[PDB]
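A.B. asks: Below is data.pdb; it holds PDB, C-alpha atoms (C1' of nucleotides) and all ligand atoms.
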```pdb
MODEL        1
ATOM      1  CA  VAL A   1     150.141 354.884 184.061
ATOM      2  CA  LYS A   2     150.873 355.584 180.372
ATOM      3  CA  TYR A   3     153.081 358.284 178.847
ATOM      4  CA  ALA A   4     151.519 361.580 177.796
ATOM      5  CA  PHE A   5     154.349 362.549 175.391
ATOM      6  CA  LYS A   6     153.792 361.056 171.929
ATOM      7  CA  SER A   7     156.508 361.989 169.470
ATOM      8  CA  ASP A   8     157.855 359.434 167.055
ATOM      9  CA  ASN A   9     160.756 360.975 165.119
ATOM     10  CA  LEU A  10     162.991 362.020 167.997
ATOM     11  CA  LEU A  11     165.616 360.175 170.012
ATOM     12  CA  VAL A  12     164.624 360.674 173.641
ATOM     13  CA  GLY A  13     165.358 359.476 177.148
ATOM     14  CA  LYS A  14     162.454 358.858 179.506
ATOM     15  CA  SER A  15     161.808 358.156 183.149
ATOM     16  CA  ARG A  16     158.751 358.320 185.361
ATOM     17  CA  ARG A  17     157.606 357.748 188.930
ATOM     18  CA  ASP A  18     154.074 356.680 189.838
ATOM     19  CA  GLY A  19     152.469 357.658 193.138
ATOM     20  CA  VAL A  20     155.091 359.960 194.683
ATOM     21  CA  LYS A  21     154.854 360.898 198.361
ATOM     22  CA  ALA A  22     155.278 364.605 197.772
ATOM     23  CA  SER A  23     152.966 367.577 197.415
ATOM     24  CA  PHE A  24     151.425 367.758 193.941
ATOM     25  CA  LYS A  25     151.370 371.575 193.729
ATOM     26  CA  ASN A  26     154.982 371.908 194.890
ATOM     27  CA  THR A  27     156.176 369.235 192.444
ATOM     28  CA  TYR A  28     154.336 370.647 189.421
ATOM     29  CA  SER A  29     156.065 374.011 189.842
ATOM     30  CA  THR A  30     159.501 372.395 190.186
ATOM     31  CA  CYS A  31     159.098 370.515 186.895
ATOM     32  CA  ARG A  32     157.795 373.578 185.023
ATOM     33  CA  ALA A  33     160.746 375.642 186.245
ATOM     34  CA  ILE A  34     163.283 373.386 184.455
ATOM     35  CA  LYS A  35     161.440 373.020 181.152
ATOM     36  CA  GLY A  36     163.600 374.026 178.202
ATOM     37  CA  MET A  37     166.894 373.908 180.100
ATOM     38  CA  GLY A  38     169.985 372.092 179.009
ATOM     39  CA  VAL A  39     170.666 369.250 181.388
ATOM     40  CA  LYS A  40     173.912 370.809 182.666
ATOM     41  CA  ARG A  41     172.032 373.931 183.762
ATOM     42  CA  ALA A  42     169.070 372.174 185.399
ATOM     43  CA  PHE A  43     171.365 370.014 187.527
ATOM     44  CA  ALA A  44     173.110 373.108 188.915
ATOM     45  CA  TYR A  45     169.837 375.000 189.287
ATOM     46  CA  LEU A  46     168.312 372.155 191.319
ATOM     47  CA  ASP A  47     171.308 372.079 193.651
ATOM     48  CA  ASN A  48     170.947 375.833 194.142
ATOM     49  CA  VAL A  49     167.319 375.485 195.260
ATOM     50  CA  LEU A  50     168.517 373.017 197.896
ATOM     51  CA  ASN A  51     170.970 375.676 199.130
ATOM     52  CA  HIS A  52     168.569 378.661 198.836
ATOM     53  CA  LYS A  53     170.607 380.399 196.129
ATOM     54  CA  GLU A  54     167.771 380.393 193.565
ATOM     55  CA  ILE A  55     163.987 379.996 193.754
ATOM     56  CA  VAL A  56     161.229 378.056 192.072
ATOM     57  CA  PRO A  57     158.732 380.589 190.646
ATOM     58  CA  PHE A  58     155.051 379.764 191.162
ATOM     59  CA  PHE A  59     152.709 380.470 188.243
ATOM     60  CA  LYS A  60     149.715 378.316 189.169
ATOM     61  CA  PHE A  61     149.347 377.619 192.905
ATOM     62  CA  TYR A  62     150.396 380.830 194.581
ATOM     63  CA  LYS A  63     147.770 382.113 197.027
ATOM     64  CA  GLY A  64     149.750 382.415 200.244
ATOM     65  CA  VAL A  65     153.154 381.892 198.621
ATOM     66  CA  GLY A  66     155.299 384.848 199.621
ATOM     67  CA  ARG A  67     157.063 387.351 197.405
ATOM     68  CA  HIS A  68     160.839 387.290 197.685
ATOM     69  CA  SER A  69     163.789 389.276 196.392
ATOM     70  CA  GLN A  70     165.276 386.274 194.558
ATOM     71  CA  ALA A  71     162.497 386.308 191.874
ATOM     72  CA  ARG A  72     163.140 389.634 190.117
ATOM     73  CA  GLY A  73     163.340 388.657 186.491
ATOM     74  CA  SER A  74     161.004 385.710 186.066
ATOM     75  CA  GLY A  75     157.520 387.064 185.243
ATOM     76  CA  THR A  76     156.191 386.953 188.809
ATOM     77  CA  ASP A  77     157.198 388.011 192.297
ATOM     78  CA  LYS A  78     156.256 384.807 194.139
ATOM     79  CA  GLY A  79     158.223 381.617 194.737
ATOM     80  CA  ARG A  80     159.495 379.113 197.277
ATOM     81  CA  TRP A  81     162.256 376.514 197.813
ATOM     82  CA  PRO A  82     160.524 373.105 197.896
ATOM     83  CA  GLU A  83     163.194 370.765 199.254
ATOM     84  CA  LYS A  84     161.285 367.464 199.072
ATOM     85  CA  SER A  85     160.068 368.032 195.507
ATOM     86  CA  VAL A  86     163.607 368.870 194.373
ATOM     87  CA  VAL A  87     164.795 365.586 195.889
ATOM     88  CA  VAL A  88     162.284 363.651 193.764
ATOM     89  CA  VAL A  89     162.784 365.490 190.462
ATOM     90  CA  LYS A  90     166.588 365.236 190.571
ATOM     91  CA  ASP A  91     166.506 361.433 190.738
ATOM     92  CA  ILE A  92     163.964 361.167 187.924
ATOM     93  CA  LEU A  93     166.145 363.452 185.768
ATOM     94  CA  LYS A  94     169.223 361.246 186.203
ATOM     95  CA  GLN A  95     167.409 358.150 184.996
ATOM     96  CA  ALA A  96     166.248 359.896 181.819
ATOM     97  CA  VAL A  97     169.748 361.208 181.041
ATOM     98  CA  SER A  98     171.186 357.755 181.736
ATOM     99  CA  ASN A  99     168.466 356.166 179.586
ATOM    100  CA  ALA A 100     169.343 358.435 176.649
ATOM    101  CA  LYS A 101     173.138 358.554 177.060
ATOM    102  CA  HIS A 102     173.167 354.721 177.028
ATOM    103  CA  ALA A 103     170.618 353.885 174.324
ATOM    104  CA  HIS A 104     172.298 356.333 171.908
ATOM    105  CA  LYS A 105     175.704 357.607 172.968
ATOM    106  CA  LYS A 106     174.751 361.285 173.200
ATOM    107  CA  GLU A 107     176.512 363.577 175.649
ATOM    108  CA  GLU A 108     174.958 365.736 178.335
ATOM    109  CA  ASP A 109     176.085 368.731 176.281
ATOM    110  CA  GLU A 110     173.334 368.235 173.670
ATOM    111  CA  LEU A 111     170.516 367.107 175.950
ATOM    112  CA  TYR A 112     167.666 369.382 177.016
ATOM    113  CA  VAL A 113     164.494 369.114 179.083
ATOM    114  CA  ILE A 114     161.765 369.094 176.433
ATOM    115  CA  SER A 115     158.671 367.731 178.201
ATOM    116  CA  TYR A 116     157.042 367.103 181.554
ATOM    117  CA  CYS A 117     153.657 366.069 182.889
ATOM    118  CA  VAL A 118     152.555 366.015 186.534
ATOM    119  CA  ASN A 119     149.210 364.401 187.429
ATOM    120  CA  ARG A 120     147.221 363.934 190.650
ATOM    121  CA  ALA A 121     147.302 360.498 192.301
ATOM    122  CA  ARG A 122     145.215 358.842 195.030
ATOM    123  CA  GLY A 123     146.230 359.737 198.556
ATOM    124  CA  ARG A 124     146.598 358.336 202.035
ATOM    125  CA  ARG A 125     143.498 358.889 204.157
ATOM    126  CA  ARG A 126     143.832 359.647 207.903
ATOM    127  CA  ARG A 127     141.550 361.569 210.274
ATOM    128  CA  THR A 128     141.637 364.508 212.656
ATOM    129  CA  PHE A 129     139.325 365.278 215.593
ATOM    130  CA  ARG A 130     137.305 368.503 215.793
ATOM    131  CA  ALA A 131     135.437 370.237 218.594
ATOM    132  CA  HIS A 132     131.931 369.237 219.751
ATOM    133  CA  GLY A 133     132.484 365.551 219.036
ATOM    134  CA  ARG A 134     133.234 365.866 215.316
ATOM    135  CA  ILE A 135     135.640 364.030 212.997
ATOM    136  CA  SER A 136     137.132 365.359 209.758
ATOM    137  CA  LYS A 137     139.530 364.287 207.035
ATOM    138  CA  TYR A 138     143.311 364.720 206.943
ATOM    139  CA  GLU A 139     144.562 363.600 203.532
ATOM    140  CA  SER A 140     147.644 363.725 201.343
ATOM    141  CA  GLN A 141     147.910 365.023 197.757
ATOM    142  CA  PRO A 142     150.512 362.876 195.930
ATOM    143  CA  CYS A 143     151.450 362.878 192.243
ATOM    144  CA  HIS A 144     152.520 361.016 189.118
ATOM    145  CA  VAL A 145     155.629 362.554 187.523
ATOM    146  CA  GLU A 146     157.167 362.110 184.060
ATOM    147  CA  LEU A 147     160.087 363.825 182.326
ATOM    148  CA  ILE A 148     161.548 363.658 178.786
ATOM    149  CA  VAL A 149     165.011 364.645 177.552
ATOM    150  CA  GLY A 150     166.211 365.127 173.988
ATOM    151  CA  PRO A 151     167.622 367.518 171.401
ATOM    152  CA  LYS A 152     167.244 371.271 171.277
ATOM    153  CA  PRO A 153     163.639 372.338 170.511
ATOM    154  CA  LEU A 154     162.933 374.096 167.212
TER     155      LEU A 154
ATOM    156  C1'   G B   1     153.071 392.643 177.348
ATOM    157  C1'   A B   2     153.443 388.139 179.549
ATOM    158  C1'   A B   3     150.962 385.110 183.122
ATOM    159  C1'   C B   4     146.424 383.544 185.670
ATOM    160  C1'   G B   5     141.441 382.446 184.123
ATOM    161  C1'   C B   6     137.870 380.964 180.141
ATOM    162  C1'   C B   7     136.438 378.435 175.164
ATOM    163  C1'   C B   8     137.685 374.259 172.471
ATOM    164  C1'   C B   9     141.010 373.729 166.672
ATOM    165  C1'   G B  10     142.568 369.386 167.709
ATOM    166  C1'   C B  11     146.161 365.169 169.831
ATOM    167  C1'   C B  12     147.390 362.538 174.328
ATOM    168  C1'   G B  13     147.398 361.551 180.182
ATOM    169  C1'   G B  14     144.906 361.255 185.200
ATOM    170  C1'   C B  15     140.628 360.743 188.879
ATOM    171  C1'   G B  16     136.176 358.235 189.288
ATOM    172  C1'   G B  17     133.001 353.826 188.425
ATOM    173  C1'   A B  18     128.115 355.168 185.138
ATOM    174  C1'   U B  19     126.390 352.292 180.652
ATOM    175  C1'   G B  20     126.246 347.541 178.032
ATOM    176  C1'   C B  21     126.562 342.433 178.273
ATOM    177  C1'   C B  22     126.973 338.366 181.873
ATOM    178  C1'   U B  23     124.801 335.285 186.903
ATOM    179  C1'   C B  24     126.018 328.479 191.457
ATOM    180  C1'   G B  25     121.436 334.354 194.088
ATOM    181  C1'   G B  26     116.492 336.239 195.262
ATOM    182  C1'   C B  27     111.038 336.403 194.667
ATOM    183  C1'   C B  28     106.063 334.185 193.189
ATOM    184  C1'   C B  29     102.838 329.876 192.285
ATOM    185  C1'   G B  30     102.009 324.477 192.621
ATOM    186  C1'   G B  31     103.067 319.444 194.529
ATOM    187  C1'   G B  32     105.111 316.438 198.570
ATOM    188  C1'   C B  33     106.170 315.882 203.672
ATOM    189  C1'   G B  34     104.669 316.395 208.305
ATOM    190  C1'   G B  35     109.738 312.784 210.708
ATOM    191  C1'   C B  36     112.287 316.207 218.264
ATOM    192  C1'   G B  37     113.063 315.268 223.820
ATOM    193  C1'   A B  38     115.227 312.255 230.924
ATOM    194  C1'   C B  39     117.461 306.227 225.547
ATOM    195  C1'   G B  40     119.298 313.835 227.686
ATOM    196  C1'   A B  41     116.213 317.689 222.696
ATOM    197  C1'   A B  42     116.603 322.808 220.499
ATOM    198  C1'   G B  43     120.565 326.075 221.881
ATOM    199  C1'   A B  44     125.317 327.520 224.086
ATOM    200  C1'   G B  45     130.754 326.719 225.589
ATOM    201  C1'   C B  46     135.327 324.641 224.957
ATOM    202  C1'   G B  47     138.503 321.359 222.236
ATOM    203  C1'   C B  48     140.016 318.244 217.558
ATOM    204  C1'   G B  49     144.032 318.489 210.922
ATOM    205  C1'   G B  50     151.600 316.644 209.591
ATOM    206  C1'   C B  51     152.506 321.750 208.302
ATOM    207  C1'   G B  52     145.891 324.950 210.306
ATOM    208  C1'   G B  53     143.043 331.585 211.246
ATOM    209  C1'   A B  54     137.556 331.917 209.564
ATOM    210  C1'   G B  55     133.211 328.944 208.056
ATOM    211  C1'   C B  56     131.377 323.418 207.267
ATOM    212  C1'   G B  57     132.135 318.963 210.001
ATOM    213  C1'   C B  58     133.392 316.022 214.134
ATOM    214  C1'   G B  59     133.832 314.761 220.022
ATOM    215  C1'   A B  60     139.680 312.684 224.146
ATOM    216  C1'   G B  61     137.725 306.500 219.304
ATOM    217  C1'   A B  62     137.524 314.304 217.788
ATOM    218  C1'   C B  63     138.960 317.625 210.025
ATOM    219  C1'   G B  64     136.742 310.891 212.167
ATOM    220  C1'   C B  65     136.334 304.497 213.646
ATOM    221  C1'   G B  66     133.708 299.843 211.921
ATOM    222  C1'   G B  67     130.152 296.571 208.861
ATOM    223  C1'   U B  68     127.354 295.536 204.211
ATOM    224  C1'   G B  69     126.668 297.033 199.204
ATOM    225  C1'   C B  70     128.170 300.077 194.999
ATOM    226  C1'   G B  71     132.382 302.608 192.186
ATOM    227  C1'   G B  72     137.276 301.997 189.877
ATOM    228  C1'   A B  73     142.200 306.044 189.495
ATOM    229  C1'   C B  74     143.236 309.574 192.085
ATOM    230  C1'   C B  75     144.446 312.659 196.601
ATOM    231  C1'   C B  76     143.501 321.682 195.124
ATOM    232  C1'   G B  77     150.093 323.532 198.005
ATOM    233  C1'   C B  78     154.408 320.712 200.069
ATOM    234  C1'   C B  79     154.617 315.904 201.323
ATOM    235  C1'   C B  80     152.785 311.157 202.207
ATOM    236  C1'   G B  81     149.892 307.000 200.183
ATOM    237  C1'   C B  82     147.396 304.047 196.506
ATOM    238  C1'   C B  83     148.782 301.302 191.583
ATOM    239  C1'   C B  84     148.389 294.460 189.796
ATOM    240  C1'   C B  85     141.408 290.062 187.484
ATOM    241  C1'   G B  86     141.202 292.895 193.162
ATOM    242  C1'   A B  87     145.628 294.034 195.900
ATOM    243  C1'   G B  88     141.580 299.349 195.844
ATOM    244  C1'   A B  89     142.423 306.677 195.619
ATOM    245  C1'   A B  90     137.957 310.060 194.830
ATOM    246  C1'   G B  91     132.893 309.403 195.429
ATOM    247  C1'   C B  92     127.605 307.366 197.037
ATOM    248  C1'   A B  93     123.565 304.883 200.118
ATOM    249  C1'   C B  94     121.910 302.471 204.339
ATOM    250  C1'   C B  95     123.313 300.157 209.221
ATOM    251  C1'   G B  96     126.374 299.632 214.213
ATOM    252  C1'   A B  97     129.148 302.370 217.715
ATOM    253  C1'   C B  98     132.052 306.694 220.195
ATOM    254  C1'   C B  99     129.636 311.051 221.947
ATOM    255  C1'   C B 100     134.030 316.565 227.023
ATOM    256  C1'   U B 101     131.265 321.206 230.172
ATOM    257  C1'   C B 102     126.555 323.942 230.486
ATOM    258  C1'   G B 103     121.312 323.689 229.129
ATOM    259  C1'   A B 104     114.031 320.865 230.629
ATOM    260  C1'   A B 105     119.239 319.706 233.304
ATOM    261  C1'   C B 106     118.993 315.658 238.075
ATOM    262  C1'   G B 107     123.883 315.017 245.078
ATOM    263  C1'   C B 108     124.756 320.824 246.573
ATOM    264  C1'   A B 109     127.089 324.937 243.916
ATOM    265  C1'   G B 110     129.304 327.078 239.198
ATOM    266  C1'   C B 111     134.317 325.794 238.720
ATOM    267  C1'   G B 112     134.320 325.455 244.515
ATOM    268  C1'   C B 113     132.413 321.190 248.049
ATOM    269  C1'   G B 114     129.712 316.941 250.595
ATOM    270  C1'   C B 115     127.411 312.377 252.325
ATOM    271  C1'   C B 116     128.196 307.237 251.289
ATOM    272  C1'   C B 117     131.710 303.588 249.650
ATOM    273  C1'   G B 118     126.933 300.435 244.332
ATOM    274  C1'   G B 119     125.721 305.205 244.658
ATOM    275  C1'   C B 120     123.083 309.954 246.190
ATOM    276  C1'   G B 121     117.163 315.305 242.273
ATOM    277  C1'   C B 122     111.224 316.587 241.822
ATOM    278  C1'   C B 123     106.070 315.164 240.768
ATOM    279  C1'   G B 124     102.424 311.186 239.517
ATOM    280  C1'   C B 125     100.089 305.895 238.776
ATOM    281  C1'   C B 126     100.140 300.741 240.198
ATOM    282  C1'   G B 127     102.232 297.242 243.684
ATOM    283  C1'   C B 128     105.119 295.988 247.855
ATOM    284  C1'   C B 129     107.952 296.494 252.765
ATOM    285  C1'   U B 130     107.834 299.069 257.653
ATOM    286  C1'   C B 131     104.752 301.906 260.652
ATOM    287  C1'   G B 132     101.049 306.129 263.506
ATOM    288  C1'   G B 133      95.901 307.449 265.522
ATOM    289  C1'   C B 134      91.896 308.894 273.332
ATOM    290  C1'   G B 135      88.590 307.280 264.027
ATOM    291  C1'   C B 136      84.966 302.799 264.207
ATOM    292  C1'   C B 137      85.307 297.811 266.860
ATOM    293  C1'   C B 138      86.934 293.643 269.209
TER     294        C B 138
HETATM  295 MG    MG A 201     141.600 368.787 217.429
HETATM  296 MG    MG A 202     134.156 363.414 222.697
HETATM  297 MG    MG A 203     138.973 326.360 212.293
HETATM  298 MG    MG A 204     124.800 318.324 236.241
ENDMDL
END
```
For this file, write the structure as structure tokens.

C.D. replies:
Amino acid sequence: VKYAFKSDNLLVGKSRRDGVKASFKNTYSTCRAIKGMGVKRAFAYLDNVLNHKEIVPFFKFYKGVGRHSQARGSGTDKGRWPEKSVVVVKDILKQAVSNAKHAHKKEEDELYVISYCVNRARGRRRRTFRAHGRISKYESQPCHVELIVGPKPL
RNA sequence: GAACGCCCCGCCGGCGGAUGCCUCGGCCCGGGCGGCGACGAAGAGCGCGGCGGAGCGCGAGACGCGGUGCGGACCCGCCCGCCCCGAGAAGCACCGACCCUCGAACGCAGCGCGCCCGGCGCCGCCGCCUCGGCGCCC
């Protein structure tokens, strides 16, 4: 699809992935948790989620997400450690930093995460069997993911 | 407080397939025509292309063969082939043939078997061959 970020007087690095086989709600929260970070920080932070040293806070899709001790100062008490969404976002981040560090020779020490947009895509459609002869749906909820890197926001 | 939610002050993305325009199709009326079959029909099965599934077509001569006319440069891919005052690609019309199994379906059965060395089903009409009767007579 097309890009949702339209700025025209910044030097940016961009990458996207269309139709990602990962939960939409999990992946939205992972991208919103790294917004505004410098790209050194977000790369460490994402490796810590993999190792259960930090959490992803959940501000939008949280009914049934458990409260945990690792989320004390964030604004909420709820979070999780989505391992498959962190695998996707890390690889999309590296393309955008490569795209920027190669089009204009800017270091990772002045790059920041300044935009994101997650959108709902069209899923795989299977079926499950219910009692008394009935059939029901069993679908996936995939996503489109985009991520922009550039200079410190102000 | 922030956030969630809600409204839109506006700028962009998704999901979905409405609206508009388009149409080798339907529907209605009128005119023709009225042309199947034991010389094996209608229908069914199986098989047939250099690379070939479906549908059209064809029948072991199988994605076609011949004859008379016409036509005159191509043959959707990859190849082949044709090319010329006739040498002949596409296309068209009539005519002659080929025409596996089942089916009115015809040696019996439906996939297996015979009688006889041509062959070998039922009904009816007309003839003919060979015959029966303590029918009527001689
Ligand atoms: Mg069940
Ligand atoms: Mg049942
Ligand atoms: Mg075929
Ligand atoms: Mg027969």

A.B. asks: Just want the 8 Å neighbourhood of range 80-95 of chain B, counted on all atoms listed in the file, with same-chain residues fewer than 4 positions away dropped. Output as a list in words.

C.D. replies: residues 67, 68, 70, 71, 72, 73, 74 and 75 of chain B

A.B. asks: Using the chain letters and numbers from the file, give me the residues hit by the PyMOL selection byres (((chain A and resi 40) around 9) and not hetatm), as a list in words.

C.D. replies: residues 37, 38, 39, 41, 42, 43, 44, 45, 108, 109, 111 and 112 of chain A

A.B. asks: If you measure from CA of residue 142 in chain A to CA of residue 59 in chain A, what distance in Å do you get, rounded to one decimal?

C.D. replies: 19.3 Å

A.B. asks: Give me the result of the PyMOL selection byres (((chain A and resi 82-94) around 7) and not hetatm) on this file, residue by residue, as a list in words.

C.D. replies: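 Given this file, the PyMOL selection byres (((chain A and resi 82-94) around 7) and not hetatm) evaluates to residues 15, 16, 22, 26, 27, 30, 46, 50, 80, 81, 95, 96, 97, 98 and 147 of chain A.
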
A.B. asks: List, as a list in words, every residue that the PyMOL selection byres ((chain B) within 9 of (chain A and not hetatm)) selects in the file provided.

C.D. replies: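 Answer for the PyMOL selection byres ((chain B) within 9 of (chain A and not hetatm)): residues 2, 3, 4, 11, 12, 13, 14 and 15 of chain B.
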
A.B. asks: From the set B:119, B:10, B:40, B:1, which residue has the shortest atom-to-atom contact distance to ligand MG 204 (chain A), counting all atoms listed in the file?

C.D. replies: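 Residue with the minimum atom-to-atom distance to ligand MG 204 (chain A): B:40.
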
A.B. asks: Enumerate residues in contact with ligand MG 201 (chain A): an atom-to-atom distance of at most 10 Å, counting all atoms listed in the file. Format the result as a VMD selection string.

C.D. replies: chain A and resid 128 to 136

A.B. asks: So how far away is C1' of residue 79 in chain B from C1' of residue 49 in chain B, in Å?

C.D. replies: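 The value is 14.5 Å.
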
A.B. asks: Find the residues around range 103-109 of chain B up to 12 Å (all atoms listed in the file counted), leave out those fewer than 4 positions away in its own chain, and share them as a ChimeraX atom specification.

C.D. replies: /B:37-38,40-45,113-116,119-122

A.B. asks: Restricted to C-alpha atoms (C1' of nucleotides), what would the selected residues look like written as a PDB file, keeping the file's coordinate frame?

C.D. replies:
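The resulting file, selection_16.pdb, is reproduced below:
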```pdb
ATOM      1  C1'   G B  37     113.063 315.268 223.820  1.00  0.00           C
ATOM      2  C1'   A B  38     115.227 312.255 230.924  1.00  0.00           C
ATOM      3  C1'   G B  40     119.298 313.835 227.686  1.00  0.00           C
ATOM      4  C1'   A B  41     116.213 317.689 222.696  1.00  0.00           C
ATOM      5  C1'   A B  42     116.603 322.808 220.499  1.00  0.00           C
ATOM      6  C1'   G B  43     120.565 326.075 221.881  1.00  0.00           C
ATOM      7  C1'   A B  44     125.317 327.520 224.086  1.00  0.00           C
ATOM      8  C1'   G B  45     130.754 326.719 225.589  1.00  0.00           C
ATOM      9  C1'   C B 113     132.413 321.190 248.049  1.00  0.00           C
ATOM     10  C1'   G B 114     129.712 316.941 250.595  1.00  0.00           C
ATOM     11  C1'   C B 115     127.411 312.377 252.325  1.00  0.00           C
ATOM     12  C1'   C B 116     128.196 307.237 251.289  1.00  0.00           C
ATOM     13  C1'   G B 119     125.721 305.205 244.658  1.00  0.00           C
ATOM     14  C1'   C B 120     123.083 309.954 246.190  1.00  0.00           C
ATOM     15  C1'   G B 121     117.163 315.305 242.273  1.00  0.00           C
ATOM     16  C1'   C B 122     111.224 316.587 241.822  1.00  0.00           C
TER      17        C B 122
END
```

A.B. asks: Which value, in Å to one decimal, gives the distance between CA of residue 14 in chain A and CA of residue 47 in chain A?

C.D. replies: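 Taking CA of residue 14 in chain A as the start and CA of residue 47 in chain A as the end point, the length is 21.3 Å.
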
A.B. asks: Which polymer residues have any atom within 12 Å of an atom of residue 72 in chain A, counting all atoms listed in the file, with same-chain residues fewer than 3 positions away left out, as a PyMOL selection string?

C.D. replies: chain A and resi 54-57+67-69+75-79

A.B. asks: Specify the axis-aligned box that encloses all atoms of range 89-102 of chain A listed in the file after padding of 8 Å on each side, stating its centre and edge lengths in Å to one decimal as lines of an AutoDock Vina configuration file.

C.D. replies:
```
center_x = 168.0
center_y = 360.1
center_z = 183.7
size_x = 26.4
size_y = 26.8
size_z = 30.1
```

A.B. asks: Counting all atoms listed in the file, give me one row per residue of chain B with an atom at most 9 Å from an atom of ligand MG 203 (chain A), showing the shortest contact pair and its distance in Å to one decimal, sorted by chain then residue number, as JSON lines.

C.D. replies:
```
{"residue": "B:52", "atom": "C1'", "partner": "A:MG203", "partner_atom": "MG", "distance": 7.3}
{"residue": "B:53", "atom": "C1'", "partner": "A:MG203", "partner_atom": "MG", "distance": 6.7}
{"residue": "B:54", "atom": "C1'", "partner": "A:MG203", "partner_atom": "MG", "distance": 6.4}
{"residue": "B:55", "atom": "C1'", "partner": "A:MG203", "partner_atom": "MG", "distance": 7.6}
```
